Amino acid sequence: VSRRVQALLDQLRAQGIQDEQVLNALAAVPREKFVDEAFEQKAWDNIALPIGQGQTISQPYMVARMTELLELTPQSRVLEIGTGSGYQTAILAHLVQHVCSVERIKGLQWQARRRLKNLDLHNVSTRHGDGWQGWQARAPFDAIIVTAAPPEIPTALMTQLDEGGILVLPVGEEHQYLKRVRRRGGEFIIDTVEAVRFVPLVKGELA
Ligand SMILES: Nc1ncnc2c1ncn2[C@@H]1O[C@H](CSCC[C@H](N)C(=O)O)[C@@H](O)[C@H]1O
């Protein structure tokens, strides 16, 4: 593993990431493939970077943290909202049996699908759509992860959780916090994790 890669991993560990499976997945996904050639030198810096349409690839720490919170196993059926570059999608694909991923901007969904195909990842289903609606046909899910921030928790994304299912998302506008929602019998339990700042999860009209 390259110097820049081990530098990132060490930084993430120092920042409290403990799941070595998640770190191993991070190491195995060529992050540079997910940003423009112009950002090649900084592709492994622990920062967000511009991707195709006013959107950004998330900071590797935030990716690791959110991925940890989902408590994934190789049996997990996962729903991801906000494919973007496909970077987080690729990470999840290394960890679980199947990932379904929804992106509202057709241009991004299309490029992401190709990238994942190019990485020999065959356990991913991608969709151009509005993730406020989840993906009912593929439901329920053991884990749902949202990489854009709605002002409220989308109802469908609780409904589509299986028993013991975990939803992880940033919530808010002026004040955003990362939240974990767990389905437990007749109840959902909502915990607050940390402060964050994401682009909004945009409702309806597909870009
Ligand atoms: N309603 C919606 N449904 C699906 N995706 C949405 C959405 N609103 C915003 N998004 C998308 O959420 C993404 C936030 S950037 C996500 C980064 C991505 N996880 C990666 O690794 O590259 C953007 O691509 C944006 O288009």
Side-chain angles (χ1 to χ4, degrees), residues 29 34-36 48-58 62-63 66-67 69-70 72 76-113 115-116 118-162 165-173 176 178-183 188 190 196-204 206-207:
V29 171
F34 296 81
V35 295
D36 199 285
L49 288 172
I51 57 169
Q53 306 230 357
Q55 301 317 125
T56 68
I57 189 178
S58 296
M62 185 52 55
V63 171
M66 293 176 69
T67 307
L69 284 162
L70 303 173
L72 300 180
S76 298
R77 185 192 294 165
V78 185
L79 173 60
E80 180 193 44
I81 302 307
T83 320
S85 69
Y87 176 68
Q88 165 84 86
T89 324
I91 290 156
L92 300 167
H94 281 274
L95 299 159
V96 305
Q97 52 94 208
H98 213 273
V99 186
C100 306
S101 184
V102 185
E103 165 64 54
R104 74 179 283 284
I105 303 184
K106 179 63 177 172
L108 260 23
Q109 176 271 147
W110 188 76
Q111 305 178 241
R113 180 180 179 267
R115 273 191 208 96
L116 300 172
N118 283 169
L119 278 174
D120 201 53
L121 303 178
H122 297 108
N123 57 328
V124 185
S125 301
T126 63
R127 171 177 287 324
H128 173 51
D130 175 5
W132 276 85
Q133 293 306 110
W135 192 332
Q136 179 182 57
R138 294 296 191 121
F141 302 96
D142 300 299
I144 300 174
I145 178 179
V146 183
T147 63
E152 302 81 46
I153 302 161
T155 297
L157 302 181
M158 294 186 275
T159 302
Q160 295 175 22
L161 289 174
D162 211 339
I166 302 178
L167 165 59
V168 171
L169 84 171
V171 180
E173 294 155 286
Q176 296 178 199
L178 194 61
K179 309 229 168 178
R180 167 183 37 104
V181 186
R182 184 163 25 103
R183 187 172 186 146
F188 297 80
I190 304 169
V196 298
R197 180 47 61 162
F198 279 80
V199 299
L201 182 81
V202 187
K203 195 180 310 184
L206 315 212

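Side chains included, hydrogens not; waters and symmetry mates left out as well; all remaining heavy atoms used. When a residue number appears, it is its place in the shown sequence, counting from 1.
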Any non-hydrogen side-chain atom of [X] less than 4.5 Å from a side-chain atom of [Y]?
X: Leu92; Y: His94; value: no
X: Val99; Y: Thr89; value: yes
X: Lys106; Y: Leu206; value: no
X: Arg115; Y: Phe34; value: yes
X: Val196; Y: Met62; value: yes
X: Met158; Y: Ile153; value: yes
X: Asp36; Y: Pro50; value: no
X: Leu167; Y: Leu70; value: no

Using modelled atom types and a 3.5 Å cut-off, is there a donor and acceptor pairing between side-chain atoms of [X] and backbone atoms of [Y]?
X: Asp162; Y: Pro140; answer: no
X: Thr56; Y: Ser58; answer: no
X: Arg183; Y: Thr159; answer: yes
X: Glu103; Y: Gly84; answer: yes
X: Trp110; Y: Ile105; answer: no
X: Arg113; Y: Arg127; answer: no
X: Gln160; Y: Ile144; answer: no
X: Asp130; Y: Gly204; answer: yes
X: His98; Y: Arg77; answer: no

Indicate whether the side chain of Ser101 and that of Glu80 have a donor and an acceptor atom separated by less than 3.5 Å.
yes

With no hydrogens and no angle check, do the side chains of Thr126 and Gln109 hold a donor and an acceptor under 3.5 Å apart?
yes

Smallest separation among heavy atoms of [X] and [Y], with atom names:
X: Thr67; Y: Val63; value: OG1-O, 2.6 Å
X: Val78; Y: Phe141; value: C-CD2, 3.9 Å
X: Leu72; Y: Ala143; value: CD2-CB, 3.6 Å
X: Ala148; Y: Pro170; value: O-CG, 3.5 Å
X: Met66; Y: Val146; value: CE-O, 3.2 Å
X: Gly86; Y: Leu116; value: O-CD2, 3.7 Å

For residues 134-149, pull every pair meeting side-chain hydrogen bond (donor to acceptor under 3.5 Å, both in side chains), keeping only residues two or more places apart or in separate chains.
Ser125-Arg138

When you look at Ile166 and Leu161, which way does the side chain to side chain contact (heavy atoms under 4.5 Å, CB included) test go after all the steps?
CA-CA 7 Å; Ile166 302 178; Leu161 289 174; 5.7 Å; no

To the nearest 0.5 Å, atom CD1 of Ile51 lies from atom OH of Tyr87 at 12.5 Å

Interatomic distance, CG@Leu169 vs NZ@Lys179, rounded to 0.5 Å, equals 9.0 Å

Among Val171, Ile190, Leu157, whose side chain to side chain contact (heavy atoms under 4.5 Å, CB included) with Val181 holds?
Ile190

Evaluate the criterion side chain to side chain contact (heavy atoms under 4.5 Å, CB included) for residue pair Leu108 and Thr83; output intermediate values, then yes/no.
CA-CA 8 Å; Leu108 260 23; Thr83 320; over 6 Å; no

